[PDB]
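Read-outs: derived from the displayed coordinates by stated rules, not from any lab. Every residue, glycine as well, gets a Cβ built from its backbone with ideal geometry; the counts of neighbours run over all protein chains shown.
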Amino acid sequence: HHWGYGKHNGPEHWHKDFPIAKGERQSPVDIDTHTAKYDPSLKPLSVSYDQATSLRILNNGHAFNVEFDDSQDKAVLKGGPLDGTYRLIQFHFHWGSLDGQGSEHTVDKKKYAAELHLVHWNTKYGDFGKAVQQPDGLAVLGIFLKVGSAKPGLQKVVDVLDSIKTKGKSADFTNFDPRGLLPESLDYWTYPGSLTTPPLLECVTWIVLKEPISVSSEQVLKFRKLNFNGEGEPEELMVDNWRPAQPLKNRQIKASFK
Ligand SMILES: O=C(Cc1nnn[nH]1)Nc1ccccc1
Ligand SMILES: [Zn+2]
């Protein structure tokens with residue numbers, strides 16, 4: 001009886017195994033655009049993905065992760081609200097059964113069709129496992145997806161999903177350039193939060209881009225053909241793998257833009 005996104009094991013149940021689910025800095029949250037304050041002291045974000053080395057794509061039963069070589073400072077996030085250097089370890093998405101839901105963060109209660117998370121860890125803690133134990137251990141860059149025009153840089157991802165249909169399957173996924181997943185603008189909102197899956201650790205500086213990327217209906221349809229289940233088990237389509245908005249509590253969302 002492991003955690004997931006079904007009626008019997010979904011987000012409303014997670015607190016039983018992970019009591020931090022009811023903590024003071026849980027993610028995601030609704031971004032109230034009229035309450036978020038422009039902070040003129042934030043910096044431009046520095047996304048340095050020229051030297052990124054993707055390795056593999058894995059269906060973990062919750063989502064699919066595109067994994068990077070994080071054994072040196074190749075693909076790093078710096079600047080914005082961050083102090084020091086955060087190394088890209090993986091990206092993944094959360095998405096819906098239909099285009100009216102799927103994102104984890106919301107914007108004035110609007111849900112996007114999906115949300116991309118590029119997960120990075122603070123190199124001052126030496127490894128990812130040590131970083132998740134610290135309040136400034138991770139930086140997650142979140143990007144909303146809307147359905148419209150195709151995203152050319154997403155198609156290599158879409159076209160490998162047939163090969164990782166079920167839980168525990170992986171495929172070689174070298175030479176993928178994550179720069180092709182970014183919008184034009186790096187304007188962002190930031191706040192202190194958590195991982196949005198168990199273990200829900202309160203170790204993330206969230207950086208959520210204002211500008212969504214457009215993907216095609218055909219692209220997201222292929223996401224929705226993945227399976228939560230393992231090979232040969234009853235089919236459970238991998239859809240609605242998002243945690244809803246959590247209480248903001250004693251937190252301020254800051255905007256990089258006026
Ligand atoms: O990547 C996620 C999902 C997520 N968290 N925050 N946004 N997405 N979780 C996770 C990563 C490493 C180890 C344990 C859990
Ligand atoms: Zn995520």
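What the table below lists for this structure:
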{"read-out": "Tally, over the stretch 163-199, of residues that are in contact with a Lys or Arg (Cβ under 9 Å, 6 or more places away or on another chain), within 16 Å of ligand 1 (Cβ to nearest atom) and assigned to a loop (DSSP other than H, G, I, E, B)", "value": "3"}
{"read-out": "Test: residue in the stretch 135-156 that is among the aliphatic types (A, V, I, L, M), surrounded by 21 or more Cβ atoms within 10 Å (Cβ to Cβ), assigned to a loop (DSSP other than H, G, I, E, B) and touching a helix residue (DSSP H, G or I) at 6+ places or on another chain (Cβ under 7 Å)", "value": "no"}
{"read-out": "Qualifying residues in the stretch 110-152 (those that are over 16 Å from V29 (Cα atoms), of a type in the set (F, W, Y) and in contact (Cβ under 8 Å) with a residue 24 or more places away in the chain) - the one farthest from ligand 1 (Cβ to nearest atom)", "value": "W121"}
{"read-out": "Condition met for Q101 (surrounded by 17 or more Cβ atoms within 10 Å (Cβ to Cβ), more than 28 Å from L154 (Cβ to Cβ) and within 20 Å of the chain's Cα centre (by Cα))", "value": "no"}
{"read-out": "Output for the stretch 43-57, where each listed residue is crowded, with 18+ Cβ neighbours inside 10 Å and out of contact with any helix residue (DSSP H, G or I) (no Cβ under 7 Å at 6 or more places or on another chain)", "value": "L45, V47, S54"}
{"read-out": "All positions within the stretch 11-29 that are within 18 Å of the chain's Cα centre (by Cα) and more than 16 Å from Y188 (Cβ to Cβ)", "value": "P11, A21, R25, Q26"}
{"read-out": "Meets criteria (in contact with a strand residue (DSSP E or B) (Cβ under 9 Å, 6 or more places away or on another chain) and assigned to a helix (DSSP H, G or I)) for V239", "value": "no"}
{"read-out": "Matching residues in the stretch 96-154 - criterion: being hydroxyl-bearing (S, T, Y) and within 14 Å of ligand 2 (Cβ to nearest atom)", "value": "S103, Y112"}
{"read-out": "Count of the stretch 49-88 residues which are touching a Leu at 6+ places or on another chain (Cβ under 9 Å) and within 16 Å of ligand 2 (Cβ to nearest atom)", "value": "11"}
